Amino acid sequence: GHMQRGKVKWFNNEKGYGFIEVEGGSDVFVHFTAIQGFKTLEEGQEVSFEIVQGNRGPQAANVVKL
Amino acid sequence: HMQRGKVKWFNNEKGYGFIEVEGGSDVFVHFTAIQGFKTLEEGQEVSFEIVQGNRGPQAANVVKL
C-alpha cells in the first residue's frame, strides 16, 4: 500500500469541501466526509491521503493530518 | 453574460475535464453541461456560464464557438 502527500490548498468550512495541493501535480478535490480526524481542514495543513475515483473524477479519501 | 475559454482536456471515457480561461482559473466541466450533439475535445473554444455544484464552480450551458 501507498499514500499521497500534500497540503490543503483551501478548505471552505461552510461549504464542506476544498482542494489539496500536490507538488508538481494536479490539485485533488476533498470533501468533508473524507477527513478522518476530529477537526476540519484548514489552509496549509500537511496531509496524507489516498485518491479514489468518484463519478465526477478523482478525490481524496482517508485524509489525515501530519 | 457568458464566459469564454477553450477545452484544456476532456476525459471522454468518464465524461469530465476542464475549460481553461485566459489568465483565469480552470473551470470544471461535466458531459451533461454540453449544449450540442458532440463531446468536448482539446482546444475547442467554448462559451459557458458558471454555476455552483457539488465541487464548487462548474461550467453550464457549454457551446462550441
Side-chain angles (χ1 to χ4, degrees):
Chain A
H2 299 82
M3 297 293 273
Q4 290 294 328
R5 209 189 98 60
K7 56 181 179 180
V8 176
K9 192 179 192 184
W10 62 276
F11 192 86
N12 188 296
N13 69 335
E14 291 185 336
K15 298 179 187 290
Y17 53 75
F19 280 77
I20 298 161
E21 263 179 311
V22 175
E23 187 67 31
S26 309
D27 299 336
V28 181
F29 179 73
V30 56
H31 191 253
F32 77 92
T33 54
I35 304 172
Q36 297 305 112
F38 253 120
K39 298 194 188 317
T40 195
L41 293 177
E42 294 181 348
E43 174 182 21
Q45 167 75 56
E46 298 283 341
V47 286
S48 178
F49 64 104
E50 63 187 356
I51 298 184
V52 297
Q53 301 303 309
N55 299 328
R56 305 178 85 214
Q59 64 180 299
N62 294 305
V63 180
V64 297
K65 297 186 186 63
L66 302 177
Chain B
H1 296 194
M2 292 286 264
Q3 301 280 346
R4 281 179 323 281
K6 55 173 53 174
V7 176
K8 188 181 182 183
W9 57 267
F10 194 77
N11 187 318
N12 201 34
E13 176 64 59
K14 299 302 199 180
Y16 65 80
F18 284 93
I19 296 163
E20 53 188 337
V21 176
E22 288 295 338
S25 48
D26 292 339
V27 179
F28 178 86
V29 57
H30 191 245
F31 74 93
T32 51
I34 298 173
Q35 310 286 139
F37 299 101
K38 298 292 174 46
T39 192
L40 293 176
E41 297 177 352
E42 174 181 33
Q44 287 174 336
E45 296 171 4
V46 290
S47 67
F48 63 98
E49 292 181 281
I50 301 181
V51 298
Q52 298 301 303
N54 286 340
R55 300 192 175 200
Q58 65 184 54
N61 195 16
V62 177
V63 175
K64 302 177 179 70
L65 311 180

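Each chain gets a letter, A, B and so on, in the order its sequence line appears, and its residues count up from 1. Just so you know, these numbers use all the heavy atoms, side chains as well, and skip hydrogens, waters and symmetry mates.
- Ring orientation note: the planes of A:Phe29 and A:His31 are tilted relative to one another, at an angle of 30° to 60°.
- If you take CE on B:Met2 and CG on B:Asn61, they are separated by 4.0 Å, rounding to the nearest 0.5 Å.
- Residue pairs meeting the salt bridge (charged side-chain N to carboxylate O under 4.0 Å, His left out) criterion with at least one partner in residues 30-56 of chain A, sequence neighbours excluded, are A:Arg5-A:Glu46.
- The CD1 atom of A:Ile51 sits 8.5 Å away from the OG atom of A:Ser26 when rounded to the nearest 0.5 Å.
- Through direct or relayed side-chain contacts under 4.5 Å between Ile, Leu, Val, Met, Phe, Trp and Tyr, B:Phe37 connects to no other residue.
- Across all non-hydrogen atoms, the minimal contact from A:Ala61 to A:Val52 is CB-CG1, 3.9 Å.
- Looking only at side-chain heavy atoms (C-beta outward), A:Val28 and A:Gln4 stay at 4.5 Å or farther from each other.
- Checked against A:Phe49 for a side-chain contact (heavy atoms from CB on, under 4.5 Å), the options A:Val64, A:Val30, A:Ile35, A:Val63 give a single hit: A:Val63.
- Taking 4.5 Å as the limit, every side-chain heavy atom of B:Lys64 sits out of range of all side-chain heavy atoms of B:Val7.
- Proximity of B:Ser47 to B:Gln3: side-chain heavy atoms (C-beta onward) are nowhere separated by under 4.5 Å.
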Do any side-chain atoms of residues 11-21 of chain A form donor-acceptor pairs under 3.5 angstrom with protein atoms, and if so which ones, sequence neighbours left out?
unit_1, atom_1, unit_2, atom_2, d
A:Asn12, OD1, A:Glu14, N, 2.9
A:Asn12, OD1, A:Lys15, N, 2.9
A:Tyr17, OH, B:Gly56, N, 3.4

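- Note that CD of A:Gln45 and OG1 of A:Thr40 are 11.0 Å apart. Values are rounded to the nearest 0.5 Å.
- Around the CD atom of B:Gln52, the shell of radius 6.0 Å holds more than 12 heavy atoms that belong to other residues, nucleotides or ligands.
- The environment of CG in B:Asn54 is sparse: at most 12 heavy-atom neighbours from other residues, nucleotides or ligands sit within 6.0 Å.
- Using a 4.5 Å cut-off between side-chain heavy atoms of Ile, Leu, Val, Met, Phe, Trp and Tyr, with links allowed through other members, A:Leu41 and A:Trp10 fall into different hydrophobic clusters.
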